[PDB]
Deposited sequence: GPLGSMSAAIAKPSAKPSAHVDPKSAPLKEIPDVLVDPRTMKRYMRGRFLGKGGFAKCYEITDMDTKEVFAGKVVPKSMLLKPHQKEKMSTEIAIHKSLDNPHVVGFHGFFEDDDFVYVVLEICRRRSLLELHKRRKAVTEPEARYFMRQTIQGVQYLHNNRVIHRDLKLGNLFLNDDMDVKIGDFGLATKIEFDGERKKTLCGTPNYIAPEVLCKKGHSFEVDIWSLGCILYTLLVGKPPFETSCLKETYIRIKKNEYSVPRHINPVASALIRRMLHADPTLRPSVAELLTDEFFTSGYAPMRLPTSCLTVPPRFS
């Protein structure tokens, strides 16, 4: 099979010129796409129908969740369509890869950087929770970056919208390093699983590795359910205090999203409003 050079849909009847390769992942291949008449640039997720009513239901709910979203810290959803072979998701273009690639090249980042990255990310998470959306898959590889180094939360493939007040979800899903203990135990979970994952993100940024990172997958899960981790003594007491709270065994003792923004960690030290593109490879001066 070969993905068409011009992407056309029955609905909008727009044409997208398939350009440069951006990356691949969970049964999807992303390309830089340009509307041939207005010259607007987007990211086009192209997924084969051979990869797909069981898997097709999990994608159609992702689209429905992502479509209803509009926020400066969330990857913009600009439309979806399918021909006879491929499903085309049209997204906001994020040319600065993800926070995972920054992490691999940089290792532990500086304190002001984590303030910037976490703040923008939490502002996105707050928006999601205000609209009753639980992401459930928050990690460095899902926090995308644009040319201005703005964080863009993406991939809502494991996301869920809640309707009634005290709904508790039961699906066991996520990424090993970031999955909340209540999700592994399958007892039931809600909004505070995103706070846990955020705590894993903050730890990883300041320390240089995930808190429950192990060579064995089975061990990692045991560490999480037993709440077995340690923040190194070299980390600022304020940041470690916040990390300990976000990674609490009891979901009800974790800070709310609103409580995160007004934390001492975000109000004490230097918090830059902008980060240069040099942060992708070297520490900022």
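- Absent C-alpha positions map to the deposited sequence ranges 1 to 28, 81 to 82, 316 to 317, in order along the chain.
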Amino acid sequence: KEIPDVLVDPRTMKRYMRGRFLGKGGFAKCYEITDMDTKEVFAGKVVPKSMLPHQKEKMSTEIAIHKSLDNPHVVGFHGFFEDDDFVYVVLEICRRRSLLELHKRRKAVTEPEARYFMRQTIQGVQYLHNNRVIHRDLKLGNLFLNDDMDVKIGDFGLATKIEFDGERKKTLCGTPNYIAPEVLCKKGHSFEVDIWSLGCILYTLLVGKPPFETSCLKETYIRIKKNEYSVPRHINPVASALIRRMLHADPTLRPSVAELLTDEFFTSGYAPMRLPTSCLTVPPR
From here on, numbers count along this sequence of modelled residues.
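Only the largest set of C-alpha atoms that superpose within 1.5 Å between the two forms is called the rigid core.
- The rigid core fit leaves 214 to 222 as the farther-lying stretch in 4 other deposited structures of this protein, judged by Cα positions and set against 63 to 71 and 214 to 222.
- Per-stretch RMS Cα distance to the displayed form in 4 other deposited structures of this protein, following rigid core alignment, is highest for 25 to 33 when 25 to 33 and 237 to 245 are compared.
- Residue 101, present in the displayed chain, carries coordinates in each of the other PDB entries compared that cover both sides of it, far from a third leaving it out.
- Compared with other entries of the same protein, residue 177 falls in the group left without coordinates by at least a third of them, where both flanks are modelled.
- The question of which stretch, 82 to 90 or 173 to 181, has the higher mean Cα B factor is settled in favour of 82 to 90.
- Judged by mean Cα B factor in the deposited record, 184 to 192 ranks above the other of 119 to 127 and 184 to 192.
- Which of 153, 108, 162, 149 has the largest Cα B-factor in the deposited entry comes down to 162.
- In this PDB entry, residue 223 carries a Cα temperature factor that places it within the middle third of its chain's modelled residues.
- For residue 12, the recorded CA temperature factor ranks within the highest third of the chain's modelled residues.
- Ranked by Cα temperature factor within the chain, residue 214 sits in the highest third according to the deposited record.
- Sort the modelled residues of the chain by CA B factor and residue 240 lands in the lowest third.
- For residue 46, the recorded CA B-factor ranks within the highest third of the chain. Only modelled residues enter the ranking.
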